[PDB]
There are 4 protein chains.
Amino acid sequence: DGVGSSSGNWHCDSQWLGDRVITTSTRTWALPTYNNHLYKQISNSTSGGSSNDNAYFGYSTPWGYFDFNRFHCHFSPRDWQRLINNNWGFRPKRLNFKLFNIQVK
Amino acid sequence: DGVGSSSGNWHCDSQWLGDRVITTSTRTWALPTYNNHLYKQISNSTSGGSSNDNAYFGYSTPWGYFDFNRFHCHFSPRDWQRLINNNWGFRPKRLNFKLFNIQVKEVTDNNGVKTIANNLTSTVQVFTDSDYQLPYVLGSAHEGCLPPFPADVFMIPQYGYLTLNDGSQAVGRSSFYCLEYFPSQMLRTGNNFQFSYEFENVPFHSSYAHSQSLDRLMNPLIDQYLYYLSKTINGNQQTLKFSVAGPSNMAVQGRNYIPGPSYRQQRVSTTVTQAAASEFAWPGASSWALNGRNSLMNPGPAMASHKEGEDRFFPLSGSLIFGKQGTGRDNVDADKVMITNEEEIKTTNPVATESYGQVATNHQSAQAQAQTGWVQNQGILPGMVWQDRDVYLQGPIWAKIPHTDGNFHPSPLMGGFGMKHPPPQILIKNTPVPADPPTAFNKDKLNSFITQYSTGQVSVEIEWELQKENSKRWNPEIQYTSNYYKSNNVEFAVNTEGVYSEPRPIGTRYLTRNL
Amino acid sequence: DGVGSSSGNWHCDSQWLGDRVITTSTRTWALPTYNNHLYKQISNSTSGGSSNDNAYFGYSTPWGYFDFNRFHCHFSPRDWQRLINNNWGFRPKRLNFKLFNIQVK
Amino acid sequence: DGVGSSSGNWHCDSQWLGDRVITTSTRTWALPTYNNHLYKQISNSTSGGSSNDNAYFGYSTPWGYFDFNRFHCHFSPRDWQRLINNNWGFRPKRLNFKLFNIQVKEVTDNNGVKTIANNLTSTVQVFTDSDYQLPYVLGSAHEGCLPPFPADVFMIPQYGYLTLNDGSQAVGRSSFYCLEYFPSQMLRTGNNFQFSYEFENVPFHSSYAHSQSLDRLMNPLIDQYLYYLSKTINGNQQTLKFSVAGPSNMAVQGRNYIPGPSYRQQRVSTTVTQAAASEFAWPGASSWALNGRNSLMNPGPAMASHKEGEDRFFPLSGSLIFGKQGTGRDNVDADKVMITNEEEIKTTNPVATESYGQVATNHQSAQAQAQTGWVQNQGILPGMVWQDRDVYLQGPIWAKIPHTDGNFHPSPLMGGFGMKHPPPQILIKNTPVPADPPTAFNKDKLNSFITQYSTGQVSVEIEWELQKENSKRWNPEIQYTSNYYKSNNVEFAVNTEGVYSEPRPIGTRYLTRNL
């Protein structure tokens with residue numbers, strides 16, 4: 001939209017329906033410049049590794065990534081307690097993801 | 001909207017309709033960063049407290065909150081004078097609240113010099129506790145409300161709350177609340193926030209003083225058809241004598257209703273050149289105990305401050321005490337504070353510094369003389385009538401009724417309107433803006449942030465319902481009025497240094513009506 | 001109905017809906033003859049009482065009565081645990097009562 | 001209905017349609033009072049158990065239950081012979097169950113003599129665990145099923161269950177179930193009970209024996225286009241030689257599929273006049289451990305009982321052992337039991353008393369000779385094929401698949417059809433009838449009851465789907481047949497004392513099909 005208008009609101013809550021629970025979590029993030037905008041070949045030689053079992057070859061990218069693959073990223077301790085004390089099972093169904101209020105310094 | 005467009009106008013006025021008055025007030029606020037964006041556990045150990053009665057456990061939040069729970073936040077002195085001189089009662093009806101003209105600033109310090117600049121992309125978060133899921137701190141007479149003078153710029157108070165405590169420690173039942181676990185609107189400089197609230201039905205506040213006393217409701221010209229025991233001994237043979245209760249002996253007449261409850265307070269005199277037996281401020285105070293902790297009975301049940309002609313006396317903790325402009329925080333003299341009094345309710349309520357009455361304590365006989373005992377505290381009895389504590393221009397407006405199984409007459413003891421669902425808490429916080437992070441990933445939470453604060457305007461509009469007076473009284477009533485006599489400054493105005501002051505507390509009970 | 005036909009079934013279960021829980025309990029009872037079909041005046045004199053504070057006067061009837069004024073008559077321990085761990089409050093709404101399979105010996 | 005009207009008829013017949021056979025069986029049952037109407041906590045301490053491996057904790061209920069989880073409860077020997085000689089497979093489809101002609105009796109003892117009379121007003125309670133909320137005990141080969149002979153009257157077994165145990169003690173996770181906490185129908189002498197059940201989709205049972213072996217699926221006339229290492233040394237220089245795998249060397253030919261898993265069992269011989277090193281029944285048995293308790297691997301994975309011509313050998317616990325009619329409970333001779341064998345699956349499954357194979361255990365070199373090790377237990381590998389354990393006329397029909405996150409090929413190891421939702425447990429109990437209570441109220445539960453038992457008829461109808469054989473085999477098949485040679489008694493008939501006996505276990509695998 002514009003410089004002076006927020007592009008999203010803070011949504012962080014849990015909604016408990018009959019057979020469904022909807023968890024929403026919002027966090028503030030910071031993203032630096034990685035590898036000074038470069039791709040770099042990496043290996044156990046570059047990191048000083050010696051053992052065969054820990055040898056590797058790969059690349060480090062200037063990109064970051066968002067990870068929310070831990071349960072506490074979505075469930076508060078009270079919500080987790082409710083889930084574990086009141087249900088025989090659970091599974092994820094669908095996902096909604098948002099990035100907003102971008103600020104570059 | 002945009003950076004260069006205002007998101008709201010300055011609305012500050014009072015509109016007087018027939019049975020309604022609408023008050024609108026706008027103020028400029030400043031919001032700093034609290035606790036450096038952190039939640040902190042607090043207790044009497046962290047503050048150095050030692051006494052059991054003052055022990056606590058709680059949390060301090062990085063959020064601020066808006067408070068307008070004082071009458072002078074909405075009524076000018078002239079509007080208050082009109083309300084109290086022309087109405088028998090009033091009550092809030094509905095609320096409109098607005099936040100606009102958000103301005104977020106960044107502060108940079110190089111060496112002993114700070115530079116302030118706009119941060120147009122930063123946001124401020126605001127939400128209302130409409131479901132009352134957070135501890136309610138607006139029910140206490142805390143500072144930080146909107147200033148009575150519209151030109152004053154005020155600082156938003158920091159939000160904190162207390163939970164169950166055992167000394168300086170917590171228990172398993174103690175609750176921790178994260179305010180980021182609530183949906184909140186994020187506002188840049190172009191955005192605004194607003195919501196509407198409807199007050200639940202409350203009784204009209206008694207802005208009148210009774211023109212009759214509870215013990216003088218009879219016809220002063222006609223005898224009763226009831227008899228009272230007038231004599232027991234003939235001059236130790238028992239000779240019962242009965243007489244008609246009439247105008248000559250009003251004290252013994254039968255009555256249908258009795259004065260309200262009491263909880264006696266120690267009597268303190270403001271007269272200079274007086275001696276005291278010892279330090280009795282805490283030792284001589286009336287108090288109630290909860291889970292082994294003693295809390296001062298303050299202000300306690302609504303009782304008459306003093307008997308007729310005894311204005312020099314006030315209950316030790318039974319009256320609201322306001323501080324004059326510029327008064328210090330600790331150990332100020334009596335002339336630096338304003339002691340309110342409730343003498344208007346002496347017609348129905350017992351005197352705070354006197355016993356409720358006398359009750360028989362034995363069975364009289366030829367061998368034992370009749371004995372009576374003083375009633376220092378008297379609970380509710382059928383047939384009791386009483387008046388609640390008066391409200392003041394600088395006093396509180398409402399309070400949240402605690403969510404309990406039972407309560408009786410939940411009018412706030414400090415004065416005002418008790419509501420199960422009062423105006424919701426409005427919480428505001430500056431969104432943290434991290435400084436430059438390291439170029440290598442670190443899993444720890446960021447602790448380096450850009451120094452920021454925010455400012456803007458806040459508007460609150462409240463519609464009040466009025467109860468007009470229909471008195472048939474012939475002689476003129478008592479009215480609140482300014483004194484014409486010359487003075488260096490105008491009351492309820494600014495000084496030569498621009499300091500606004502409220503020289504006296506103003507009640508609401510000047511008009512009269514029958515009992 | 002008849003001698004050889006049951007007049008009711010054994011219903012004992014708890015049904016948990018969203019905002020409501022329905023408890024059903026069935027018990028087997030035995031009813032003897034009380035006071036040999038007579039009404040009898042009773043008092044602390046008949047029972048040998050002496051203290052003023054415990055003096056009384058009344059009547060004993062040949063009738064029995066059904067009482068289910070205790071929570072465990074309707075809630076199993078597990079149902080009680082669910083109720084107390086998952087709800088801020090509860091109250092009774094309506095009642096259904098049945099007597100059946102009468103057998104006189 | 002009424003006292004003098006039957007609530008059902010005797011239905012016992014088998015109907016053979018084209019692809020379906022419907023079996024109906026009716027039996028007369030007797031139900032006593034169990035535990036004197038009480039629930040009782042039971043454990044190895046109450047029964048005097050000492051070993052850790054046999055420790056348990058559970059409850060015994062006053063309820064009985066109906067069990068028809070054996071094939072002879074539905075199939076007569078002639079019907080079983082038809083099924084096994086004319087079909088390549090079968091599976092249950094749907095179920096019909098009926099209880100009728102309820103008769104409740106009261107027993108009174110005066111002095112050494114008991115009198116039995118009808119109690120027309122008493123009730124019997126029946127319900128089905130359709131939601132599978134109770135522990136499932138029908139998945140174990142327990143006694144108490146409907147008798148194979150329709151004329152036999154049987155006693156309803158008492159229902160009991162086990163929960164988590166630590167020695168003879170329970171833990172917090174242990175569960176206690178009250179069967180009166182379930183809705184149940186109450187039946188007088190005029191009432192009847194019935195319900196229908198649909199079997200979930202299950203694979204057809206393999207009622208055939210393979211006419212080919214897994215290692216002999218190639219063309220015996222044509223060479224493969226693949227080579228194998230035929231020689232390593234030239235007569236210690238390494239000289240690799242390769243040869244075509246053909247009919248002359250079938251053992252080294254490449255194959256696409258391999259025999260199924262194995263869990264080796266100790267080999268025991270039934271031949272008389274044999275010596276044993278020591279008592280190896282428990283010490284030499286294969287077993288699996290769970291939470292520190294050792295349980296016998298019985299019958300374990302489906303494996304061939306013995307190699308060709310070695311019928312005298314049987315796995316220590318890898319085969320179902322049935323008892324002959326009149327056989328005792330403890331320490332009976334071999335001639336008093338019937339040892340089943342699974343020789344038909346030797347074409348795809350490994351021998352129970354032999355290693356699965358040999359695997360290399362080192363790297364051969366000029367200094368180290370190639371080494372191999374025996375594989376006593378082999379898990380599932382890709383390309384494996386196997387046959388499940390055969391079912392028998394007197395063997396179990398189905399079992400409940402345990403409610404777990406994962407399972408592999410949940411065919412019951414004792415034979416039959418594995419189902420997540422098997423036929424529900426049918427529980428029955430006599431309603432307690434209190435004796436004369438005291439004329440003065442006593443709050444204790446009544447412990448004096450009229451001695452009662454109940455009897456009636458039970459009918460179960462099961463529809464079975466058939467898989468017909470479409471073989472092109474020219475020579476006649478092997479068929480189950482009775483022996484014409486004269487004998488004192490007819491097999492599968494009654495003796496001179498009216499005792500019905502099953503002289504041998506009957507499998508299902510007589511017809512053949514290619515692999």
Side-chain angles (χ1 to χ4, degrees), chain A residues 1-13 24-33 37 62-66 68 95-105, chain B residues 1-11 26-34 37 62-64 66 96-108 114-128 153 156 179-180 182-196 426-437 446 448-461:
Chain A
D1 189 12
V3 177
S5 181
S6 181
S7 58
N9 293 321
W10 189 280
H11 297 103
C12 190
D13 190 8
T24 309
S25 58
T26 302
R27 302 293 189 273
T28 299
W29 52 265
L31 178 66
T33 294
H37 315 275
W63 292 73
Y65 66 98
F66 287 95
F68 46 87
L95 187 152
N96 181 266
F97 181 86
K98 289 186 177 59
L99 294 181
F100 54 94
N101 294 333
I102 303 301
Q103 309 160 60
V104 193
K105 305 287 188 177
Chain B
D1 189 12
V3 177
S5 181
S6 181
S7 58
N9 293 321
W10 189 280
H11 297 103
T26 302
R27 302 293 189 273
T28 299
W29 52 265
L31 178 66
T33 294
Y34 282 119
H37 315 275
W63 292 73
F66 287 95
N96 181 266
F97 181 86
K98 289 186 177 59
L99 294 181
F100 54 94
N101 294 333
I102 303 301
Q103 309 160 60
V104 193
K105 305 287 188 177
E106 57 180 0
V107 182
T108 58
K114 52 178 58 181
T115 302
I116 303 179
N118 292 280
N119 193 319
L120 307 176
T121 60
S122 42
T123 61
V124 182
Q125 305 175 45
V126 182
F127 74 99
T128 62
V153 182
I156 295 182
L179 273 63
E180 284 72 12
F182 291 79
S184 60
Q185 180 181 346
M186 308 187 68
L187 295 76
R188 291 193 171 181
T189 189
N191 304 122
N192 51 14
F193 171 80
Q194 53 185 107
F195 78 97
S196 298
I426 311 167
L427 294 148
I428 183 178
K429 186 194 67 176
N430 299 328
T431 302
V433 177
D436 51 323
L446 303 183
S448 182
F449 300 94
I450 299 180
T451 302
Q452 280 189 332
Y453 73 97
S454 60
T455 181
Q457 279 71 56
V458 49
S459 297
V460 46
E461 186 181 31

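Order of the sequence lines fixes the chain letters, A, B, ..., with proteins taken first and strands second; residue numbering starts at 1 for each chain. Side-chain atoms are counted along with the backbone in the values below, which use heavy atoms only and exclude waters and symmetry mates.
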Checklist entry - Parallel, tilted or perpendicular for A:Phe66 and A:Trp29, by the 30°/60° rule? => result perpendicular

Next on the checklist: If you apply the rule side chain to side chain contact (heavy atoms under 4.5 Å, CB included), what do you find for B:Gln194 with B:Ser459, and how did you get there?
Outcome noted: CA-CA 9 Å; B:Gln194 53 185 107; B:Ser459 297; over 6 Å; no

Quick one: pull up [atom1] in [X] and [atom2] in [Y] and give me the separation to the nearest 0.5 Å.
X: A:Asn9; Y: B:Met186; atom1: CG; atom2: CE; value: 8.0 Å
X: B:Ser454; Y: B:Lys105; atom1: OG; atom2: NZ; value: 11.0 Å
X: B:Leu187; Y: A:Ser6; atom1: CG; atom2: OG; value: 7.5 Å
X: B:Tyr453; Y: B:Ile116; atom1: OH; atom2: CD1; value: 3.5 Å
X: B:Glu461; Y: B:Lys98; atom1: CD; atom2: NZ; value: 6.5 Å

Indicate the atoms forming the closest heavy-atom contact of [X] with [Y], along with that distance.
X: B:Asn430; Y: B:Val124; value: OD1-CG2, 3.7 Å
X: B:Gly190; Y: B:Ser7; value: O-CB, 4.1 Å
X: B:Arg188; Y: A:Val3; value: NH1-O, 2.7 Å
X: B:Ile428; Y: B:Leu31; value: CG1-CD2, 3.6 Å

Item to check | Criterion side chain to side chain contact (heavy atoms under 4.5 Å, CB included) on A:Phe68 and A:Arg27, from CA distance to verdict | outcome: CA-CA 11 Å; A:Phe68 46 87; A:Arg27 302 293 189 273; over 6 Å; no

Side-chain touch [X]/[Y], heavy atoms, less than 4.5 angstrom:
X: B:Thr451; Y: B:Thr33; value: no
X: B:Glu180; Y: A:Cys12; value: no
X: A:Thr26; Y: A:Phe100; value: yes
X: B:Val433; Y: A:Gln103; value: yes

Next on the checklist: Go through it in stages, so that I can follow the logic: the residues are B:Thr123 and B:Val104, the test is side chain to side chain contact (heavy atoms under 4.5 Å, CB included), and I'd like the CA-CA distance, side-chain angles, deciding distance and then a yes or no.
Outcome noted: CA-CA 7 Å; B:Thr123 61; B:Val104 193; over 6 Å; no

Checklist entry - Yes or no on side chain to side chain contact (heavy atoms under 4.5 Å, CB included) for B:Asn101 and B:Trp10, after CA distance, side-chain angles and deciding distance? => result CA-CA 10 Å; B:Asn101 294 333; B:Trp10 189 280; over 6 Å; no

Next on the checklist: Would you say that more than 12 heavy atoms from the other residues, nucleotides or ligands in this model lie under 6.0 Å from the CZ of A:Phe97, or not?
Outcome noted: yes

Checklist entry - Which residues satisfy the side-chain hydrogen bond (donor to acceptor under 3.5 Å, both in side chains) test with B:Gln125, sequence neighbours excluded? => result B:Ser184, B:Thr431

Item to check | With B:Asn119 via side chain to side chain contact (heavy atoms under 4.5 Å, CB included) - residues at least two apart | outcome: A:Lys105, B:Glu106, B:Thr121, B:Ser122, B:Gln452

Item to check | Side-chain donor/acceptor of B:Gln185 to backbone N/O of B:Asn192, under 3.5 Å | outcome: yes

Item to check | By ring-ring contact (aromatic ring centres under 6.0 Å, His included) - contacts of B:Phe182 (at least two apart) | outcome: B:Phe127

